[PDB]
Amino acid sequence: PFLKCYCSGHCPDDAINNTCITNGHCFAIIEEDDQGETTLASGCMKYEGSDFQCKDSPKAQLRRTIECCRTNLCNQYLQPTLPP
């Protein structure tokens, strides 16, 4: 395992100090639910299928922006903003 990431909302059960270990990417996401209510989350993403998840679908019904990064604890610096 090479990468450590911050996690919030998406932490595994073996999470320590709100960080997780992965061999893929770190991510951060901002999402707007049924109501104009916004929430931020972050965590670890496996390499397999990460191209799909980091790209996401621009046709998603709810507004959200996920971003990915690949160096140790990098997601603390991702500040995704909702799409217009």
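The first residue of the shown sequence is 1; numbering continues from there. We call the rigid core the largest set of C-alpha positions that still match within 1.5 Å between the two forms.
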Taking the root mean square of C-alpha distances over all structures and residues in 5 other deposited structures of this protein, with a rigid core superposition, name the larger of 71-79 and 21-29. 71-79
Core-superposed in 5 other deposited structures of this protein, which stretch deviates more in Cα positions, 46-54 or 32-40? 32-40
Return whichever of 10-18 and 64-72 has the greater mean Cα B factor according to the PDB record. 10-18
Higher-scoring stretch by recorded Cα B factor average, 33-41 or 46-54: 33-41
